[PDB]
Amino acid sequence: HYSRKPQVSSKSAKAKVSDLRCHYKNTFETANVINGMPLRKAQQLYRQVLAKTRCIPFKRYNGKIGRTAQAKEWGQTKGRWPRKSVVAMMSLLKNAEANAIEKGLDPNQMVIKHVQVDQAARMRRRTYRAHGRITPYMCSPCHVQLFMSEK
Amino acid sequence: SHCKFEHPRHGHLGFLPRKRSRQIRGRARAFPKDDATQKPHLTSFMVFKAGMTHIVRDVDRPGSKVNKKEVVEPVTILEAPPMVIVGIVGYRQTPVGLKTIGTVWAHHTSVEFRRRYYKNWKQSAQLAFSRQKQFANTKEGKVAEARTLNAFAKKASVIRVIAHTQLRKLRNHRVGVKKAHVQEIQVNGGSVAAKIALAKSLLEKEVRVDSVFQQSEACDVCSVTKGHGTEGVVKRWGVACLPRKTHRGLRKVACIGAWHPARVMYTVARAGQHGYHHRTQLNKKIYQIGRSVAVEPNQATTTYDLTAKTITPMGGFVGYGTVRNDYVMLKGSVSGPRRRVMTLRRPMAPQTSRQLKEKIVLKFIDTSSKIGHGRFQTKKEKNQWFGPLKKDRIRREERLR
Amino acid sequence: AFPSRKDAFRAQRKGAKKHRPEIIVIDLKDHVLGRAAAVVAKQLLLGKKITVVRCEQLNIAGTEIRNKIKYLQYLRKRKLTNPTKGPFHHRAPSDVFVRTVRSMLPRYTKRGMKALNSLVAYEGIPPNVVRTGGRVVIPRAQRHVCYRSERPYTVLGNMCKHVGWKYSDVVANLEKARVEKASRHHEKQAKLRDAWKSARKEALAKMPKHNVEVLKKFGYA
RNA sequence: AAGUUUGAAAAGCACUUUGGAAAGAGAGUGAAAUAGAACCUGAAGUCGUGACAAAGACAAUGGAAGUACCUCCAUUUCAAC
RNA sequence: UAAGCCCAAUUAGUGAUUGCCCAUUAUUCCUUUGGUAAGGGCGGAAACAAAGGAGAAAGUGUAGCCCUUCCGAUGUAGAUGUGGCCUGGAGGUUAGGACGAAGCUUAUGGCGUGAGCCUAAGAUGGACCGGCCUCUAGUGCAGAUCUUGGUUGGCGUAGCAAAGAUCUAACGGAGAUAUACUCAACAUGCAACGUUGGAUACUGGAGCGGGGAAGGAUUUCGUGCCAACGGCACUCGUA
RNA sequence: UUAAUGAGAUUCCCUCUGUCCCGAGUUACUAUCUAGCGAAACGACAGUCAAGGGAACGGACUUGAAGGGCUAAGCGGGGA
RNA sequence: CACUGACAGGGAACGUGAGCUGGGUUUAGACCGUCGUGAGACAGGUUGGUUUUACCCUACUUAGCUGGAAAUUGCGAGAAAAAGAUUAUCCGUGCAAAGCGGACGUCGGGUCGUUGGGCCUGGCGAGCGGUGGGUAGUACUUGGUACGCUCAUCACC
Ligand SMILES: [K+]
Ligand SMILES: [K+]
Ligand SMILES: [K+]
Ligand SMILES: [K+]
Ligand SMILES: [K+]
Ligand SMILES: [K+]
Ligand SMILES: [Mg+2]
Ligand SMILES: [Mg+2]
Ligand SMILES: [Mg+2]
Ligand SMILES: [Mg+2]
Ligand SMILES: [Mg+2]
Ligand SMILES: [Mg+2]
Ligand SMILES: [Mg+2]
Ligand SMILES: [Mg+2]
Ligand SMILES: [Mg+2]
Ligand SMILES: [Mg+2]
Ligand SMILES: [Mg+2]
Ligand SMILES: [Mg+2]
Ligand SMILES: [Mg+2]
Ligand SMILES: [Mg+2]
Ligand SMILES: [Mg+2]
Ligand SMILES: [Mg+2]
Ligand SMILES: [Mg+2]
Ligand SMILES: [Mg+2]
Ligand SMILES: [Mg+2]
Ligand SMILES: [Mg+2]
Ligand SMILES: [Mg+2]
Ligand SMILES: [Mg+2]
Ligand SMILES: [Mg+2]
Ligand SMILES: [Mg+2]
Ligand SMILES: [Mg+2]
Ligand SMILES: [Mg+2]
Ligand SMILES: [Mg+2]
Ligand SMILES: [Mg+2]
Ligand SMILES: [Mg+2]
Ligand SMILES: [Mg+2]
Ligand SMILES: [Mg+2]
Ligand SMILES: [Mg+2]
Ligand SMILES: [Mg+2]
Ligand SMILES: [Mg+2]
Ligand SMILES: [Mg+2]
Ligand SMILES: [Mg+2]
Ligand SMILES: [Mg+2]
Ligand SMILES: [Mg+2]
Ligand SMILES: [Mg+2]
Ligand SMILES: [Mg+2]
Ligand SMILES: [Mg+2]
Ligand SMILES: [Mg+2]
Ligand SMILES: [Mg+2]
Ligand SMILES: [Mg+2]
Ligand code: NA
Ligand code: NA
């Protein structure tokens with residue numbers, strides 16, 4: 001039930017999560033950077049982002065965010081270190097690795113071939129403004145799907 | 001309608017944009033006009049700002065109220081280690097500007113000069129100028145060098161030498177940089193052949209600051225001013241402060257333009273970068289060209305002050321340290337902080353004024369501490385004042401026992 | 001301008017000889033600025049590659065002071081709120097000619113800019129154009145056929161050197177050197193030219209006679 | 001405000017595996033599981049992704065006429081035609 | 001030696017009276033449409049199997065009976081006409097559908113000047129429904145600071161800055177000390193929770209101290225628990 | 001006309017001062033960067049100018065002059 | 001009134017309020033004079049009387065990243081270059097001269113083909129050199145480079 005089909009199904013592993021409760025835009029940035037990576041390189045990247053020695057490049061959702069020197073490796077100038085999205089994607093990568101191992105594949109040979117982050121159904125709260133106004137205070141969850149294929 | 005009253009505009013529009021300088025070193029945009037009747041000579045030199053002090057001298061300006069009277073002059077001390085000539089460049093006049101004909105490199109280059117070609121020298125392969133050094137002394141390389149020199153002789157109208165600073169000689173702990181600063185120094189005077197001969201003689205050789213400049217001459221200084229980051233209109237441009245009652249802030253320009261033209265003009269003061277701009281300052285008199293402290297100890301001793309002391313004040317120059325090499329004492333101030341490399345250039349303005357031709361003789365140089373209110377010129381005077389202290393007595397007790 | 005290593009490698013693989021496009025070199029000396037500009041603009045729009053030299057020797061009708069004042073009036077035009085991005089007043093004579101042609105072109109279309117990039121303008125005759133072939137003139141834009149000789153005229157270089165152009169003396173010295181070199185090379189090769197002329201004269205007798213009569217019929221012998 | 005309108009029938013996903021769980025990956029029921037539970041169909045708008053077309057700055061859109069490239073489309077021809 | 005002004009001309013004292021460019025204009029050709037339209041044909045001439053053809057309706061209006069011939073065609077407000085298009089129902093009449101009905105999708109083609117109609121394909125759907133004549137109406141949307149519902153750039157932006165404040169160890173917790181190879185550890189699992197002990201601070205008796213009224217009504221207590229809620233967090237909680 | 005009284009209106013004087021000449025330095029909280037969380041207003045379409053005409057003050061039109069693309073912090077000239 | 005060389009006149013939506021300020025004009029309170037029967041009026045006087053929003057686009061000020069000459073493509077070839085078996089077949093000097101001065105060689109061999117053919121590669125030596133070692137005496141701002149002889153290799157070969 002994925003938007004894309006793996007080249008060889010028996011050599012691929014799939015992982016999915018729905019209504020993640022992390023920010024959709026931050027997760028969009030965080031998951032997109034590992035598309036095309038080996039699994040191990042992506043996991044190293046997430047650990048180094050947690051350590052704040054490398055950043056997640058922010059594209060398309062970087063409006064008036066700060067500039068950093070760690071974005072230069074991605075050809076960018078704006079990047080951040082969104083830890084909630086990173087840990088959620090680490091859990092998703094662990095699930096994909098578990099699926100690959102149970103299928104009988106080698107987790108050290110997998111290459112992430114598909115990442116897709118979509119906005120989930122939103123959750124509604126309220127904020128209170130001046131002059132007795134009540135205004136939406138919304139949450140934007142996300143769906144994340146991926147599959148990786150052995151090379 | 002017209003502005004009610006008149007005052008001059010704030011700031012000089014000829015120093016726009018007020019952006020950060022592309023380089024940190026002072027670079028002479030132009031050189032003094034070339035006079036072919038003069039002997040070939042160098043027109044600039046690179047120095048490092050150590051600090052400031054003041055001197056005493058007797059003025060010889062007839063018609064002034066300070067004629068034959070002593071005045072106190074603040075001065076800037078600039079350390080001037082010898083420079084090394086490593087290259088020759090020639091320029092040809094074309095109707096689109098000067099174009100450099102080619103470069104003649106010295107057979108041997110210093111490690112400091114070759115560090116300038118790397119961002120991380122100590123972890124590099126350090127292969128700079130290696131192929132060039134192998135090729136230069138072969139038959140083909142000698143032929144190529146002769147060909148380039150012949151091209152200089154035939155076509156060049158401007159001859160410049162490539163010189164670099166010696167940071168190992170400048171044994172300074174606060175100057176962190178170890179890669180040499182490289183600049184082109186134009187050779188003025190004589191024919192193109194005479195300039196080529198002088199440049200060839202200077203190749204792979206040191207140049208001392210007293211060869212390029214002499215005492216009581218003036219010079220131009222090219223340097224980058226001290227940086228201050230983002231600043232408001234009050235400090236960046238000198239506009240007036242608004243009344244105390246102003247809503248949303250008073251350190252502003254009240255009107256940044258009329259309704260028409262329907263846009264902000266480039267002549268209106270705005271917030272932005274202040275400082276770290278390249279400036280060329282004119283007519284800095286050279287009050288003293290001192291030798292290295294290792295050669296001549298009594299740097300700051302005059303004829304009128306026999307006290308044996310060096311140009312470094314008590315406690316050293318704040319944030320710089322001691323001056324170990326040759327130095328230049330310029331009258332007044334120069335743009336930039338301490339430790340910044342600066343270019344002394346031979347003057348480009350006429351030097352016929354009574355002030356620019358005055359012969360400077362120093363009678364006193366202040367070497368008191370620049371930390372606090374210094375009141376001793378030397379350590380000897382301080383020890384004379386205090387006599388033996390508790391520490392010295394503890395030391396002598398530890399010695400004799 | 002400097003070719004890419006890719007382009008040089010491809011040329012080596014193809015092995016083709018040196019290629020020079022068909023380019024017309026116009027000697028703009030003693031030419032009327034506007035008329036030469038109009039002719040050159042039309043020829044550029046027709047797809048021709050044009051290089052113009054000695055643009056410092058173009059002519060404008062009227063005294064030099066009147067044309068200096070016209071240029072200074074042009075220089076008065078600037079965007080007041082930001083002179084950067086305002087009108088750019090080029091002072092070199094070749095740049096002045098390029099601007100005149102550009103004003104006679106549809107400069108705000110791809111076609112007009114294609115025409116404009118096909119024009120190369122120099123002051124004097126630089127070495128890369130000296131030996132590329134015989135230079136042309138524009139008969140309908142030449143000064144001796146366009147101006148009544150009584151009236152004063154301006155040389156473009158003299159006006160430009162007083163409105164801000166810096167390379168008047170450099171161009172003069174380069175032209176002096178070029179003409180000296182070309183005169184030396186033309187005094188030489190005189191033996192070659194005389195040898196070829198005498199060779200044709202002797203061939204007139206060494207060739208079959210009916211061919212000589214045919215040449216006489218068509219005014220060649 | 002709100003059709004609990006899944007399916008013929010709960011046959012409402014046993015069991016394995018990763019996960020603290022939510023869930024995922026398999027497996028299974030069913031004719032259908034993008035029919036998996038307030039679940040028939042599932043539009044527009046907006047968004048994600050893969051592939052491709054390119055493209056300065058002429059805001060973009062638009063007309064008219066060509067051309068380059070593509071076309072899971074429509075016709076007509078394939079031989080004394 | 002105009003590319004200015006005033007006069008003249010059309011390849012020039014050579015031999016006659018049209019230099020050239022551009023219209024939704026003129027002339028002409030083709031096609032459409034409508035006339036205060038103008039005419040012809042319409043009693044099937046005769047003959048003719050497969051292995052020259054087809055049509056020919058006495059007609060306002062249609063895919064117009066058919067053919068020939070002339071003339072006019074823009075247009076706000078406005079009028080009128082249309083075998084003109086479309087929608088939900090009703091009388092009729094013909095069909096279609098589990099070998100897939102309506103709905104929905106389209107670089108999916110065809111037809112029509114158009115409103116639209118029809119076909120194709122769904123790797124869409126799963127049970128109704130099309131054409132024609134007539135009858136009928138709650139019968140056609142781009143905008144009304146239109147109604148309702150949803151979405152949306154702004155935007156990971158403004159901000160979440162009064163009431164001074166937290167630190168440390170241990171325990172608890174999935175919430176860690178979480179790594180493919182090279183490999184001592186830092187440079188690759190961060191940050192965050194509750195309790196207890198220490199430390200530090202604040203409230204400073206007109207108290208973030210004890211009890212009551214009004215109002216509230218189970219918020220009280222213990223155990224479990226973390227989906228949602230306490231605009232950050234929670235393992236804590238008036239959840 | 002009036003002692004006393006007045007967050008009442010006015011003038012002058014002493015004192016005093018950053019009200020000013022004429023600004024400078026420093027602090028806390030912001031802004032600024034990050035983690036988590038996360039709106040609104042407004043939104044025809046969009047956004048470089050000069051001059052011309054034009055509903056007589058153009059972002060679109062005419063003729064010229066500019067204009068490589070994307071960004072962070074500010075700013076209040078225009079967006080009548 | 002006082003300095004000064006002078007204290008010119010004007011425009012920019014009678015420039016400029018999301019720049020300020022709010023003394024005036026011009027709400028609601030109140031007083032006076034005049035007017036009006038009155039409610040009330042007076043460009044008459046008086047006193048008191050909320051100055052909201054930028055985070056969007058441009059402009060401007062600074063501050064970063066980054067492609068691009070067919071201004072992203074074409075392979076679409078233009079040098080402010082040299083001057084030659086058509087730049088190929090050496091290098092200097094000389095005026096695009098007349099001339100002049102210099103070039104490492106030997107003996108094979110492993111391919112493709114006018115001229116002591118082109119390309120590649122082996123064995124010896126010779127040179128101009130680089131990089132290190134040994135050993136002098138100097139120069140230079142004096143810890144670090146160079147220069148003289150002598151080995152070692154390495155590159156042109
Ligand atoms: K004014
Ligand atoms: K949709
Ligand atoms: K097309
Ligand atoms: K106007
Ligand atoms: K106008
Ligand atoms: K005002
Ligand atoms: Mg901000
Ligand atoms: Mg930011
Ligand atoms: Mg609020
Ligand atoms: Mg309220
Ligand atoms: Mg004035
Ligand atoms: Mg002024
Ligand atoms: Mg500093
Ligand atoms: Mg205020
Ligand atoms: Mg001091
Ligand atoms: Mg309802
Ligand atoms: Mg089955
Ligand atoms: Mg389906
Ligand atoms: Mg459904
Ligand atoms: Mg109408
Ligand atoms: Mg109905
Ligand atoms: Mg489409
Ligand atoms: Mg209705
Ligand atoms: Mg509608
Ligand atoms: Mg949004
Ligand atoms: Mg913020
Ligand atoms: Mg905060
Ligand atoms: Mg706030
Ligand atoms: Mg607080
Ligand atoms: Mg930790
Ligand atoms: Mg206390
Ligand atoms: Mg307190
Ligand atoms: Mg206290
Ligand atoms: Mg209390
Ligand atoms: Mg919360
Ligand atoms: Mg009272
Ligand atoms: Mg009172
Ligand atoms: Mg801000
Ligand atoms: Mg942040
Ligand atoms: Mg305008
Ligand atoms: Mg507008
Ligand atoms: Mg504004
Ligand atoms: Mg006026
Ligand atoms: Mg005004
Ligand atoms: Mg304003
Ligand atoms: Mg205001
Ligand atoms: Mg007021
Ligand atoms: Mg009365
Ligand atoms: Mg008042
Ligand atoms: Mg009042
Ligand atoms: Na003439
Ligand atoms: Na898509």
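In the text below, chain A, chain B and the rest are named by the order of the sequence lines, each starting its count at 1.
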Student: Given the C1' atoms of E:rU25 and E:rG4, what is the spacing between them in whole Å?
Tutor: 34 Å
Student: Hey, do E:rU25 and E:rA63 pair up, Watson-Crick or G-U wobble, with both distances short of 3.5 Å?
Tutor: no
Student: Look at all strands and tell whether C:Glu123 reaches a base, only sugar-phosphate, or nothing, counting heavy atoms closer than 4.0 Å.
Tutor: base
Student: So, do D:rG30 and D:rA31 stack if we ask for centres under 5.5 Å and planes under 30°?
Tutor: no
Student: Do any side-chain nitrogens or oxygens of A:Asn95 fall under 4.0 Å of OP1 or OP2 in D:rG24?
Tutor: no
Student: Scan every strand shown for a Watson-Crick or G-U wobble partner of F:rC16, both distances under 3.5 Å, and answer none if you come up empty.
Tutor: none
Student: Quick one: label C:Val145 by what it contacts on the DNA or RNA (base, sugar-phosphate, nothing), any heavy atom closer than 4.0 Å.
Tutor: base
Student: Look at the side-chain N and O atoms of A:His23 and state whether any lies under 4.0 Å from the OP1 or OP2 oxygen of F:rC37.
Tutor: yes
Student: Could you check G:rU114 for me: syn (within 90° of 0) or anti?
Tutor: syn
Student: Taking donor-acceptor contacts at under 3.5 Å, does the side chain of B:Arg20 reach the base of G:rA63?
Tutor: no
Student: Here's a test of your reading of the structure: between B:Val111 and B:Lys245, which maps to the more 5' nucleotide of RNA chain G?
Tutor: B:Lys245
Student: Is any side-chain N or O of B:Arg270 under 3.5 Å from a base N or O of G:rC60, one able to act as donor and the other as acceptor?
Tutor: yes
Student: Here, do the bases of G:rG116 and G:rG117 lie with ring centres under 5.5 Å and ring planes under 30 degrees of each other?
Tutor: no
Student: How is A:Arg21 classified with respect to the nucleic acid when contacts are heavy atoms under 4.0 Å: base, sugar-phosphate, or nothing?
Tutor: sugar-phosphate
Student: With a 3.5 Å limit on both atom pairs, tell me what G:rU27 is paired to, counting Watson-Crick and G-U wobble, or say none.
Tutor: none
Student: Name the nucleic acid region contacted by B:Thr246, choosing base, sugar-phosphate or nothing; use a 4.0 angstrom heavy-atom cut-off, strictly under.
Tutor: sugar-phosphate
Student: Between G:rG102 and G:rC128, how far is it from one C1' atom to the other, in whole Å?
Tutor: 15 Å
Student: Which base, if any, makes a Watson-Crick or G-U wobble pair with G:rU145, both distances under 3.5 Å?
Tutor: G:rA139
Student: Let's test this: given Watson-Crick or G-U wobble pairing with both distances under 3.5 Å, identify the partner of F:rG74.
Tutor: G:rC60
Student: In whole angstrom, give me the gap between the P atoms of E:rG114 and E:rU94.
Tutor: 36 Å
Student: Assess whether a salt bridge exists between A:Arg40 and A:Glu97, defined as any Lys/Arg side-chain N lying under 4.0 Å from an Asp/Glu carboxylate O.
Tutor: yes
Student: So what does C:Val129 touch, heavy atoms closer than 4.0 Å: a base, only the sugar-phosphate, or nothing?
Tutor: nothing
Student: Return the pairing partner of E:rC171 with a 3.5 Å limit on both distances, Watson-Crick or G-U wobble; otherwise return none.
Tutor: E:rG194
Student: Mind checking A:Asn26 for me? I need base, sugar-phosphate or nothing, with any heavy atom below 4.0 Å counting as a touch.
Tutor: base
Student: Assign A:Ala88 to base, sugar-phosphate, or nothing according to its heavy-atom contacts below 4.0 angstrom with the strands shown.
Tutor: nothing
Student: For F:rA50, does OP1 or OP2 lie under 4.0 Å from any side-chain N or O of C:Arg78?
Tutor: no
Student: Contact class for A:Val87 vs. all strands (heavy atom < 4.0 Å): base, sugar-phosphate, or nothing?
Tutor: base
Student: So, is A:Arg125 near the phosphate of F:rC37, with a side-chain N or O under 4.0 Å from OP1 or OP2?
Tutor: no
Student: What is the distance, to the nearest angstrom, from the CG atom on B:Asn137 to the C1' atom on G:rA146?
Tutor: 12 Å
Student: Does the structure show a Watson-Crick or G-U wobble partner for G:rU53, both distances under 3.5 Å? Name it, or say none.
Tutor: none
Student: What is the distance from CZ of A:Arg124 to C1' of F:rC37, rounded to the nearest Å?
Tutor: 17 Å
Student: Quick one: does A:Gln116 reach the base of D:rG48 with a side-chain donor-acceptor pair under 3.5 Å?
Tutor: yes
Student: Work out how far the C1' atom of E:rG61 is from that of E:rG97, and round it to whole angstrom.
Tutor: 37 Å
Student: In this structure, do the base rings of E:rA187 and E:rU188 stack on each other (centres less than 5.5 Å apart, planes differing by less than 30°)?
Tutor: no
Student: Could you tell me whether C:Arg143 contacts a base, only the sugar-phosphate backbone, or nothing, with contacts defined as non-hydrogen atoms closer than 4.0 Å?
Tutor: nothing
Student: Between B:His108 and G:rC147, is there a side-chain N or O to OP1/OP2 distance below 4.0 Å?
Tutor: yes
Student: At 4.0 Å (heavy atoms only), tell me whether A:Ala71 reaches a base, stays on the sugar-phosphate, or touches nothing.
Tutor: nothing
Student: Checking all strands, does C:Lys49 fall into the base, sugar-phosphate, or nothing category for heavy-atom contacts under 4.0 angstrom?
Tutor: base
Student: Base, sugar-phosphate alone, or nothing: which one does A:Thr135 contact when heavy atoms must sit under 4.0 Å apart?
Tutor: sugar-phosphate
Student: Does any donor atom in the side chain of A:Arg129 or A:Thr135 lie under 3.5 Å from an acceptor atom in the other side chain?
Tutor: no
Student: Are any of A:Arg40's side-chain N or O atoms less than 4.0 Å away from OP1 or OP2 of E:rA180?
Tutor: yes
Student: Can you find a donor-acceptor N/O pair under 3.5 angstrom joining the side chain of B:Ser1 to the base of G:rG11?
Tutor: no
Student: Quick one: do E:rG122 and E:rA123 stack, meaning six-ring centroids under 5.5 Å and planes under 30°?
Tutor: no
Student: Categorize A:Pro38 for me: base, sugar-phosphate, or nothing, with a 4.0 angstrom heavy-atom threshold over every strand shown.
Tutor: nothing
Student: Let's test your reading of the model: under 3.5 Å, does the base of G:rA96 pair with the side chain of C:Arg131 as donor and acceptor?
Tutor: yes
Student: Under the 3.5 Å rule, do the base of F:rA39 and the side chain of A:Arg129 count as making a donor-acceptor pair?
Tutor: yes
Student: Below 3.5 Å, does any donor atom in the side chain of A:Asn99 face an acceptor in the base of D:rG24, or the other way round?
Tutor: yes
Student: May I ask you to say what C:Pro87 touches in the nucleic acid, namely base, sugar-phosphate or nothing, with a heavy-atom cut-off under 4.0 Å?
Tutor: sugar-phosphate
Student: At less than 4.0 Å, is any side-chain N or O atom of C:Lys110 found next to OP1 or OP2 of D:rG56? Yes or no.
Tutor: yes
Student: Is there a side-chain contact between A:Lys94 and the phosphate of D:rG24, meaning an N or O under 4.0 Å from OP1 or OP2?
Tutor: no
